[PDB]
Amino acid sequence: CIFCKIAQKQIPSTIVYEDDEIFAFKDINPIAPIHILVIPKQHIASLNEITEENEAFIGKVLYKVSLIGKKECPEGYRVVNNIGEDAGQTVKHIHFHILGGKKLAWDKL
C-alpha cells in the first residue's frame, strides 16, 4: 500500500503535519492551490470500512482534518473522500482531501 509506505516515510512526500495517529502531505497532482491529503497511519481501506467500533477513531481523524484545514485555509476549505470506482478512488487506504486557497468551483460532475 502506497499510503502506508508514505505514512512510514518509506516513500518521500512533502509533509504538512504528522502525529502518532495521522499523516498529512501535499498532493502531487493538485486540483486547488492548497491540496493536502490526510491519512490515518492505520490501514483502513475506505469509508465503507467504518464500523460502530471504529467510528470514534474516524471522528478523531475528521477533527484533526479540521485543525489542518482551519490553519492552512483560514478563508475556507473543502473536504472530500472518494469511495470506490465511480468516485475514482485510486488508493485503497482512506484519505481525506483538503482543498482551498481560492474560491472553489461547484460544477456538474
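The first residue of the sequence shown is number 1, and the count goes up from there.
Chemist: So 97 to 105 or 12 to 20, which one's hotter by mean CA B-factor in the entry?
Modeler: Result of the comparison: 12 to 20.
Chemist: Do the C-alpha atoms of 41 to 49 or of 79 to 87 have the higher average B factor in the entry?
Modeler: Looking at the record's C-alpha B-factors, the answer is 41 to 49.
Chemist: What third of the chain, by the recorded C-alpha B-factor, contains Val65?
Modeler: For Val65, the deposited C-alpha B-factor lands in the lowest third.
Chemist: By its CA B factor, does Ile36 count among the lowest, middle or highest third of the modelled residues in the chain?
Modeler: As the PDB entry reports it, the C-alpha B-factor of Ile36 lands in the lowest third of its chain.
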